[PDB]
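So you can see what is in the structure, the chains are spelled out below.
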Amino acid sequence: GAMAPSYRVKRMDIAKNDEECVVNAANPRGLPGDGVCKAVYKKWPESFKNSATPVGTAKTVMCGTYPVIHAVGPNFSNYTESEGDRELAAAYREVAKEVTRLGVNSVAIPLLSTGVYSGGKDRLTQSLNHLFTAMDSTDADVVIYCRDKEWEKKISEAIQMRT
Ligand SMILES: [Cl-]
Ligand SMILES: [Cl-]
Ligand SMILES: [Cl-]
């Protein structure tokens, strides 16, 4: 655990993170995918051996000794708002279990279901709040990675609001 567990946000490629492990915004089939998933595939391709896992779950695969936590959020194109919300909350609880099990002091995490799985909706607040709900009881330093300057500001504001 970190001495004073924190949340931070950075606007950069999660493939360049400075944390002890990474959460992939994975697809259920362990495919290279698009966006964060493709960057993770390019950086840690070894971590996609038997990484396939159901929606609402997380499966960790080691790239050397570096843990890649494959977290499968729902594709809101396919799920109802209600069932999608439940699966998105569940994927983050599974991430918290994995981070805890690994005993890491830090984790790099993207906002699940906010890109091509968003179903064309802004889900920053929905995804971030599920991340907080899962990770608040962990003592890892959490570093949220995003690519948009306005999302960076909104995530930074949400973190600071609670401090
Ligand atoms: Cl970058
Ligand atoms: Cl996504
Ligand atoms: Cl973003």
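Preceding this paragraph is the structure being described.
K.L.:
Could you give me a rundown of the packing of aromatic side chains, with the residues and numbers involved?
P.N.:
Applying the stated criterion across every chain yields a total of three aromatic pairs. With a centroid separation of 5.2 Å and 10° between ring planes, the pair formed by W44 and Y66 is classed as stacked. Taken together, the positions of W44 in the loop between α1 (36–43) and β3 (58–63) and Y66 in strand β4 (residues 66–71) put the pair 22 residues apart, joining distant regions of the chain. When sorted by exposure, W44 lands in the same class as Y66, which is buried.

K.L.:
Can you tell me about α1, naming the residues and giving the values?
P.N.:
Taken together, the buried positions of α1 are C37, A39 and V40. Relative to the axis of α1, the buried residues are bounded by an arc of 165° and lie together on one face.

K.L.:
Account for helix α3 (residues 124–135), naming residues and giving values.
P.N.:
The first and last C-alpha atoms of α3 sit 16 Å apart over twelve residues, in line with the 16 Å expected at 1.5 Å per residue. Every buried residue of α3 is listed here: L124, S127, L128, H130, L131, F132, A134 and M135. Where α3 is buried, its residues contact β1 (7–11), α2 (81–102), β5 (106–110), β6 (141–146) and α4 (149–162).

K.L.:
Explain unusual backbone geometry to me, using residue names and the numbers behind them.
P.N.:
Within the chain, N50 stands out as a residue other than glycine whose phi angle is a positive 55°. Among the secondary structure elements, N50 is positioned in the loop between α1 and β3. Taking relative accessible area as the criterion, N50 reaches 58% and is therefore assigned exposed. Notably, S113 is not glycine yet its phi reads approximately 65°, a positive angle. Checked against the element boundaries, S113 lands in the loop between β5 and α3.

What counts and how
- Residues numbered from 1 in each chain as written, not as in the entry; some residues may be left out.
- Chains lettered and ligands numbered in written order.
- Heavy atoms only, no water.
- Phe/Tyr/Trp six-rings, centres within 6.5 Å; stacked < 30°, edge-to-face > 60°.
- Helix = DSSP H or I, 4+ residues; strand = E, 2+ residues; numbered from the N terminus.
- Buried < 20%, exposed > 50% of the residue type's maximum accessible area, 1.4 Å probe, protein only.
- Arc of directions from axis to C-beta.
- Expected span 1.5 Å × (residues − 1).
- Contact = heavy atoms within 4.5 Å.

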